[PDB]
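Protein chains in written order, with the entry's author numbering: chain S, 1 to 375; chain I, 194 to 252.
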């Protein structure tokens, strides 16, 4: 391979797919992880009818397209639509030929082997890449936060994971999973805003409520004190202008929504909160490395962009962990992209160029080569 | 595999720490420059003030 060829880096998020080239400081493209198909025939006469649509183009046509996600809870669920996301990534967003660039992919931890093999087969037989690789999203987040030892709380859209890592070794015996992230939080926000009298049920309204979630919600340091203040004072309420010009006032829902991360009981889930997920994950590791994990607890992914979440997690893990452990949350400003930035760093290193699956090795070995290369 | 992915990322961040070391070195050299100029000006003005007084003694 010519040393001047920059590899493509693609982040397979459940909410938004991200894309760019190795060595960039940030992804060049980000778009919803959706493929759309017409709700009825004959609607789009004269507007260039297609069998399906992808990304922003499909998102703006939500009113006439049924929309489906090929990536759900961090796992791929529809491979034709996954190929269409990758097609949109290569040809429509990045505008390059994938057979001319190596491609690095991201995945959820503990991703089933069949999915990895199918990704490998699609990349080498459909897109004919000269090389490709796969890596865990949380691990790339730790790399982007400049670290090789630490535990990452990686929260995208449809799922959260807590991933302890020792000198780059991800540790499956201590990884924990939590089927709860911004998607579930948006549903809960729809619920409590409907209880507030601002009824939101349609597929379009759900995105307005996601915008409210992104702009106005925050993690409070003390849930009880915050509730008391909201009930005794209206200073916590914020105005939001709906697309039709109607202004609605959002109150305690700002923090009741993300609180489900720490107390999943609000959702009816008998599950650990993100603080407990991280704490128990650390406590499943060997005692000697728990101190380093406590000192290097990293938050990553789009769901972690709230205010105050770092402080709340720090408080919770200081209260849970032994007094001897020097707890420290790390929450970078670009942590929504750290998943992808780690791949940029990884794929641009000269010593990493030995780690690829090559087209030759795939032809010699088949998809199972992924179990010998990618982790 | 994980060790290679750890060592190359560690080399990357070691380069980053080297760059931060260069930034800190730049600020320390700025500090050296201003400190040196300040007390050089002081001691020259002092020994040249001590020489004008000595010249006052010389009649």
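Just so you know, even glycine gets a beta-carbon here, dropped at the ideal spot from N, CA and C.
For residue i, is the classification buried or exposed, using 16 other Cβ atoms within 10 angstroms of its Cβ as the cut-off for buried?
{"i": "residue 160 of chain S", "result": "buried"}
{"i": "residue 166 of chain S", "result": "buried"}
{"i": "residue 204 of chain S", "result": "exposed"}
{"i": "residue 12 of chain S", "result": "buried"}
{"i": "residue 120 of chain S", "result": "buried"}
{"i": "residue 175 of chain S", "result": "buried"}
{"i": "residue 109 of chain S", "result": "buried"}
{"i": "residue 344 of chain S", "result": "buried"}
{"i": "residue 208 of chain I", "result": "exposed"}
{"i": "residue 241 of chain I", "result": "exposed"}
{"i": "residue 336 of chain S", "result": "buried"}
{"i": "residue 252 of chain I", "result": "exposed"}
{"i": "residue 228 of chain I", "result": "exposed"}
{"i": "residue 129 of chain S", "result": "buried"}
{"i": "residue 201 of chain I", "result": "buried"}
{"i": "residue 213 of chain S", "result": "buried"}
{"i": "residue 97 of chain S", "result": "exposed"}
{"i": "residue 351 of chain S", "result": "exposed"}
{"i": "residue 127 of chain S", "result": "buried"}
{"i": "residue 281 of chain S", "result": "buried"}
{"i": "residue 357 of chain S", "result": "buried"}
At least one CB of chain S closer than 8 angstroms to the CB of residue i: is that the case?
{"i": "residue 196 of chain I", "result": "yes"}
Return the Cβ separation of residue i and residue j in integer angstroms, given the expectation that the two are a contact with Cβ distance under 8 angstroms.
{"i": "residue 193 of chain S", "j": "residue 209 of chain S", "result": "6 angstroms"}
{"i": "residue 198 of chain S", "j": "residue 255 of chain S", "result": "With 8 angstroms as the limit, residue 198 of chain S and residue 255 of chain S do not qualify as a contact, their Cβ atoms being about 17 angstroms apart."}
{"i": "residue 140 of chain S", "j": "residue 370 of chain S", "result": "The Cβ separation is near 17 angstroms, so there is no contact."}
{"i": "residue 29 of chain S", "j": "residue 19 of chain S", "result": "5 angstroms"}
{"i": "residue 32 of chain S", "j": "residue 16 of chain S", "result": "6 angstroms"}
{"i": "residue 236 of chain S", "j": "residue 252 of chain S", "result": "7 angstroms"}
{"i": "residue 7 of chain S", "j": "residue 101 of chain S", "result": "6 angstroms"}
Could you check whether the Cβ of residue i sits closer than 8 angstroms to any Cβ belonging to chain I?
{"i": "residue 83 of chain S", "result": "no"}
{"i": "residue 148 of chain S", "result": "yes"}
{"i": "residue 169 of chain S", "result": "yes"}
{"i": "residue 218 of chain S", "result": "no"}
{"i": "residue 375 of chain S", "result": "yes"}
{"i": "residue 198 of chain S", "result": "no"}
Tell me whether residue i counts as near the ligand GTP, meaning its Cβ is closer than 7 angstroms to at least one heavy atom of that ligand.
{"i": "residue 214 of chain S", "result": "Judged by which ligands are present, the structure shown has none, so any question about the ligand GTP falls away."}
Checklist entry - Of all the beta strand (DSSP E) runs that stay within the bounds of the region 110–170 of chain S, which reach a length of 3 or more residues? => result 131–136, 150–155, 160–166
Checklist entry - When you check each C-beta in the region 198–231 of chain I against every C-beta of chain S, which residues fall closer than 8 angstroms? => result 198, 199, 200, 201, 202, 203, 204, 205, 206, 209
Checklist entry - What are the residues of the region 352–370 of chain S that lie near chain I, defined by any Cβ-Cβ distance shorter than 8 angstroms? => result 352, 354, 355
Item to check | Contact list for the region 318–350 of chain S against chain I, Cβ threshold 9 angstroms | outcome: 342, 345, 346, 348, 349, 350
Item to check | Completely contained alpha helix (DSSP H) runs for the region 19–60 of chain S, where each covers 4 or more residues | outcome: 55–59
Item to check | Residues, ordered as in the chain, of the region 118–149 of chain S that lie near chain I by beta-carbon distance below 7 angstroms | outcome: 143, 146, 148
Item to check | Length at least 3, wholly inside the region 245–304 of chain S: the beta strand (DSSP E) runs in chain order | outcome: 247–250, 297–300
Checklist entry - What runs of the alpha helix (DSSP H), each 4 residues or longer, lie entirely inside the region 325–353 of chain S? => result 338–348
Next on the checklist: Runs of 4 residues minimum, wholly inside the region 184–233 of chain S: which ones carry the alpha helix (DSSP H) assignment?
Outcome noted: 203–216, 223–232
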